[PDB]
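Reviewing the structure listed below.
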Amino acid sequence: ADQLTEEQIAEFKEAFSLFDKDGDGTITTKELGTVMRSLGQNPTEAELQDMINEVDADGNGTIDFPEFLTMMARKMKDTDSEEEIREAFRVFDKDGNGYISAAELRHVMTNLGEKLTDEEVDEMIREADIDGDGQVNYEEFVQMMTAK
Ligand SMILES: NCCCCCCNS(=O)(=O)c1cccc2c(Cl)cccc12
Ligand SMILES: NCCCCCCNS(=O)(=O)c1cccc2c(Cl)cccc12
Ligand SMILES: [Ca+2]
Ligand SMILES: [Ca+2]
Ligand SMILES: [Ca+2]
Ligand SMILES: [Ca+2]
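So for the sequence shown, the deposited numbering puts the first residue at 1; every next one is plus one.
Next up, the structure:
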C-alpha cells in the first residue's frame, strides 16, 4: 500500500542529535533536561525521570538509538491522506503556508464560478475551525467534511 522512505529515519536522526548536547550517543535525564528548557518548558530532574520511564524498556535510566527510532517511527502523529481531502487541500493552498485562510477561500469560490459574499466565507471557516480558529489545517478539513 504505502512505500516508506529513508527520509523518515533521517528526521528522527536529526531530533536525536538535537537532544544529546554532550557527544554521548545516549539521551540521559540531564541532556534531555536542557532539551526541554531550551524549547519551552521548565520541569525538574525528578518529573523528567518519570517522562523517561515510558521511554525505557530495560531499566537503565536512559534511552538508546533503537528505542528512540522504534518509538517515534511507529505513530508520533496523525496525518490522514485520502483522494478526497488530498485534492481539496491542493486547491485551497496556493500560497505555500499549507493552510486554508478565510481570504483564500473567498478567491477560490469566485474562480470556480460561484458568488459568495465575505460574510459566507468567514462563517464557513468558522464552522470548520474547531481547533484552529483563525486558520484551518489538514486534520480540520478531514473532520469537518466527514461526519455521521
Ligand atoms: N514535546 C514538544 C517539545 C519537545 C519537542 C522535541 C522533542 N520531541 S518528543 O517530545 O517527542 C521527545 C524527543 C526526545 C526524547 C524525549 C523523552 Cl526522553 C521524553 C519525552 C519526549 C521526548
Ligand atoms: N477530492 C475531493 C475534494 C472535496 C472538496 C470538498 C470541498 N468542500 S467545501 O467546498 O464545502 C469547503 C472547501 C474549502 C474549505 C472549507 C472549509 Cl475551511 C469549511 C467548510 C467547507 C469547505
Ligand atoms: Ca549523552
Ligand atoms: Ca533504555
Ligand atoms: Ca494556503
Ligand atoms: Ca481551527
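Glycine residues also receive a C-beta, built at the ideal position from the N, C-alpha and C atoms.
Taking only three categories from DSSP, how would you classify residue i?
| i | result |
| --- | --- |
| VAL136 | strand |
| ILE52 | helix |
| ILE63 | strand |
| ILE130 | coil |
Would you say the beta carbon of residue i comes nearer than 7 Å to a heavy atom of ligand 2?
| i | result |
| --- | --- |
| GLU31 | no |
| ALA128 | yes |
| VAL35 | no |
Is it buried or exposed, residue i, if we count other Cβ atoms within 10 angstroms and call 16 or more buried?
| i | result |
| --- | --- |
| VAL91 | exposed |
| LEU18 | exposed |
| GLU11 | exposed |
| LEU105 | buried |
| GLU82 | exposed |
Check the DSSP bridge columns for residue i and list the partner residues they point to.
| i | result |
| --- | --- |
| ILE100 | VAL136 |
| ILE125 | Paired residue(s): none; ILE125 is not in a bridge. |
Ignore the nearest five residues each way along the sequence and tell me which others in residue i's own chain have a CB closer than 6 Å to its CB.
| i | result |
| --- | --- |
| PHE16 | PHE68 |
| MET144 | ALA128 |
Go through its chain and collect everything with a Cβ distance to residue i's Cβ below 8 Å, but skip five positions before and after it.
| i | result |
| --- | --- |
| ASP24 | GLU31 |
| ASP20 | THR26, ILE27 and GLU31 |
Return yes when the C-beta of residue i is under 7 Å from any heavy atom of ligand 5, and no when it is not.
| i | result |
| --- | --- |
| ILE125 | no |
Taking 7 Å as the cut-off, does the CB of residue i come closer than this to any heavy atom belonging to ligand 3?
| i | result |
| --- | --- |
| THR28 | yes |
Which same chain residues end up closer than 7 Å to residue i when comparing Cβ atoms and leaving out the 5 residues on each side of it in sequence?
| i | result |
| --- | --- |
| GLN135 | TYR99 and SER101 |
### Message
Please enumerate, following chain order, all residues with a beta carbon closer than 7 Å to at least one heavy atom belonging to ligand 7.
### Response
In terms of ligand content, the structure shown lacks ligand 7 and carries ligand 1, ligand 2, ligand 3, ligand 4, ligand 5 and ligand 6 instead.
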